[PDB]
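Working notes for the structure below.
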Amino acid sequence: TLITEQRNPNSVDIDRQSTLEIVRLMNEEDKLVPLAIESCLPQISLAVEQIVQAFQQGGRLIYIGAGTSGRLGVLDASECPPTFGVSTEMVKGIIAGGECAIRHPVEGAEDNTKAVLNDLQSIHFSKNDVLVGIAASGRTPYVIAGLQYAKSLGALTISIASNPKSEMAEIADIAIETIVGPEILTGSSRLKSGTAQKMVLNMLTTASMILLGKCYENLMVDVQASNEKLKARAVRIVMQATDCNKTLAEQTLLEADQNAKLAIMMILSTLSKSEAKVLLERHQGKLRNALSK
Amino acid sequence: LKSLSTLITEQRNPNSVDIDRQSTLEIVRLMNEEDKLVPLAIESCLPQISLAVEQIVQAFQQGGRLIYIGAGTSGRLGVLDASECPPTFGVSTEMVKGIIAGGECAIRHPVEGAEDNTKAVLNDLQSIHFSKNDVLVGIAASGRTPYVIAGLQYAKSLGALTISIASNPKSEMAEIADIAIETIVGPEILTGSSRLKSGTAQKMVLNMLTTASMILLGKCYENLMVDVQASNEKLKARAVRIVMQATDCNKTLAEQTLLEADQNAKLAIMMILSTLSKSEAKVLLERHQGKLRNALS
Ligand SMILES: CC(=O)N[C@@H](CO)[C@@H](O[C@H](C)C(=O)O)[C@H](O)[C@H](O)COP(=O)(O)O
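Protein chains in written order, with the authors' numbering: chain A, 11 to 303; chain D, 6 to 302.
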């Protein structure tokens, strides 16, 4: 009786339509997703602010889910250290069934309310951490038990689901409800619900990191340059922020240990490396504040 | 700073110059406004996506596999979409495969240099015995990731159909590939953060490539995925439910017909709706390529 499980009347003839019609239909349904997220903007906004607050108190952003949801959690978290320069501990994706569940099934993983207890305890989940439970259905027991444990510790709990008034929503402090409508292939939550979940998670990390100063203007100043594109982007970023040349950007970057934010601080302040480090620290890595003062 | 200024993926977004000073709600609203651009960008790609699906369907029918390659988020999304196919469609793990630069180490974190390593893609493709009957989909926002470029070249040299998905127009990847899909989502909210709009566009396109191709293989009755073989207890319950949902019959007929059809839900549905016996239903279904409603005339 859940929306996620309903049949979609616009896809009833999909088994006899042309290739173009099927993809047109899917693309049409896809336009529903950003609209569905729009209803959720106030809750998402509140989520970010609370996450930022938790980050400032030493807590982490923890994602849990099974199957596609858990994989999306891992995907979003994976990108935080190279984009924002933070540790792997800061945003962690946990998936039902562990490491292999990223590619492979794990029978009963989504129904194992005992395992989520172990999974959260082995990372010492605490009152200061934030738990986001992700399940299109809103009733995945693994996620439910996870949320319950987090709530019992006094931790902030966020639920992301695609059915209204879910059990997950009831438990969680903040209920994000992405009502994307019945899927094109009945029950295929990986489609619109997966897309919505990616959009929401992308917001939770991007927005919170922007607010923690993990960027400057719209430049990725905390990027970890682990390849040719990224190494060239760091140089580019320093030039964009300072109007200096390529030679000076590379030189400073080298001196700043490939830290573009530090390099920018050094160039726009004429300060030495150690003093630029000192001023940045004193303003929590917020380059704008470190230069404003 | 090399030629990155030329690529939309590396360009600055006018709407987010001050994003480090905008309020929390302004930030999420902007990300949301920009998200709206993505299905629109994919709309203009529908004819190429169609061509790609049709090619993939031929390959599936010729015993070929659908192979995804990429680095970083792209690679991960290839792996994501492929990982979902066996449970979603009741297919073998071999039929859709996701390969990511740097292997299993890259799945949770970056691997230093992996996207640059043009030798490694040769090993990765050879290790799964990539052949001319397979379809290679190269996935890269920038359209110039050398790992993926070399991937495609190797595939092309074999005579395998090649598909590229990129977010910059007229890319090197597009030049090499037979079918070029070009999702122009515009500059990201955080400059160069291709995990965002490009990642979303990538997921949407991959989802179409697998979902539409599976539908064309006849896996569906109306908008139900019915190709399930009840090899154990939990697939049986899923089969019974889908037989019931498709034919509006009761649990009794669904369970009995499942038995007579050797645990094949699709054939069970065929028997019930046609009133034909197992062997007869099998013949008629084959004559219409395993497409249920075409067979039921
Ligand atoms: C830009 C960034 O800081 N991180 C992301 C994307 O946001 C990149 O990945 C990182 C480096 C990784 O290896 O985890 C990106 O996914 C690859 O460079 C693929 O680029 P592309 O081939 O054009 O799709």
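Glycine is no exception: its CB is placed at the ideal position from the N, C-alpha and C atoms.
Contact note: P115(D) reaches chain A through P92 and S236, using a C-beta cutoff of 7 Å and chain order. Among the residues facing chain D, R149(A) is not included, as its CB has no counterpart in that chain under 8 Å away. Considering only beta carbons, the part of the stretch 27-52 of chain A lying closer than 7 Å to chain D consists of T29, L30, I32, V33, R34, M36, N37, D40, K41, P44, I47, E48 and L51, in chain order. Under the 10 Å beta carbon count, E177(D) is surrounded by 16 or more other beta carbons and is classified as buried. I220(A) counts as buried, since no fewer than 16 other beta carbons sit within 10 angstroms of its beta carbon. For the options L222(D), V43(D), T257(D) and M249(D), the alpha carbon positioned closest to that of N299(D) is the one of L222(D).
Here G83(A) carries a helix assignment [DSSP, helix/strand/coil]. For the options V288(D), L264(D) and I72(D), the alpha carbon positioned closest to that of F135(D) is the one of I72(D). Taking 7 Å as the cut-off, the C-beta of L240(A) counts as close to a heavy atom of ligand 1. Close partners of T78(D) in chain A (Cβ separation under 9 Å): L85, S88 and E89.
Residue burial annotation: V288(D) is exposed, with fewer than 16 other C-beta atoms found within 10 angstroms of its C-beta. Counting along the chain, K256(A) sits inside the alpha helix (DSSP H) bounded by residues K256 to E265. In this structure, the beta-carbon distance from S172(D) to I13(D) falls below 8 Å.
Distance from the Cα of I170(A) is smallest, within the candidate group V233(A), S198(A), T215(A) and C50(A), for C50(A). Secondary structure at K102(D): strand, using DSSP grouped into helix, strand and coil. Ranked by Cα distance from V126(D), the first of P92(D), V153(D) and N138(D) is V153(D).
When distances are taken from the beta-carbon of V153(D) to the heavy atoms of ligand 1, the shortest one is below 7 Å.
Chain-order list of chain D residues neighbouring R246(A): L6 and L9, by C-beta distance under 7 Å. With a cut-off of 7 Å, the C-beta of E187(D) is classified as distant from ligand 1, since no heavy atom of the ligand falls inside that distance.
Less than 8 Å divides the Cβ of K202(A) from the Cβ of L42(A). In the DSSP assignment, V62(A) is bridged to no other residue. Restricted to the stretch 88-134 of chain D, the beta strand (DSSP E) segments that are unbroken, complete and at least 3 residues in length are 101-105, listed in chain order.
Between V116(D) and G107(D), the gap from beta carbon to beta carbon is short of 8 Å. For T167(D), the enclosing beta strand (DSSP E) stretches over residues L166 to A171. Excluding its 5 nearest sequence neighbours in each direction, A259(D) has C-beta neighbours in its own chain below 6 Å: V245, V248 and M249, listed in chain order. With contacts defined as CB atoms closer than 8 Å, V140(A) and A111(A) fail to qualify as a contacting pair. With a cutoff of 7 Å, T78(D) counts as near ligand 1, since its C-beta is closer than that to a heavy atom of the ligand.
Interface annotation for the stretch 210-225 of chain A against chain D: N212, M213, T216, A217, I220, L221, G223 and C225, criterion Cβ-Cβ distance under 8 Å.
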